[PDB]
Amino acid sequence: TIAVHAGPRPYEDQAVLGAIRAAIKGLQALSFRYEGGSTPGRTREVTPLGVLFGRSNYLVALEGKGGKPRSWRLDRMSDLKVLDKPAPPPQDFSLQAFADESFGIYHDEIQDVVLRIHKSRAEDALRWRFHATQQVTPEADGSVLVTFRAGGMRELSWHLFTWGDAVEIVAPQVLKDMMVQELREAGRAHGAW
């Protein structure tokens, strides 16, 4: 296409990344050797559904007969082949559907997030999509209250940092602690205080 993804990203091995699309456009299956998970290093078979690019590149897929929608890290993968073998996708499987029942994390258990964005970036708050299932509430002081139910507290905290002092983390406590700890860590190394 005529689009390019700007910004930092993980490095690519398009050799292996070209092998996965070879079986979703043929509705076939794949198989690799994992380097993680509950079984350390076996070779395993899997039905492909999609890839999610992030600061870690994943691969949504179920194993063999039946399965569970879970995504394998492409860094901890070993030697795939486009099985000669068919494996059609579940019909109602949206790939965005995987991507929103958490955040830039997966399965880190879901939290009721409450943010207060001051006036200054209130209009910026309305425009911004923190999570699909979000609700923005105006307040009497022109600040706006942003609440949504999501995972990925760490990524969230990284993103809130870019809002600077326009955000006020109201809930949950794990997010406050997440942010403070991260600010203390970075603030020491770069000499902020």
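Numbers follow the displayed sequence, beginning with 1.
Note on 109-117 vs 86-94: mean CA B-factor is higher in 86-94.
Of the two segments examined, 170-178 and 12-20, it is 12-20 that shows the higher average Cα temperature factor in the deposited entry.
The PDB entry gives the largest Cα B-factor of the residues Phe32, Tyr58, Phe148, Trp163 to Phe32. Of the candidates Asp124, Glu139, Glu155, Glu63, the deposited coordinates give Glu63 the top C-alpha B factor. Among the modelled residues of the chain, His159 sits in the lowest third by CA temperature factor in this PDB entry.
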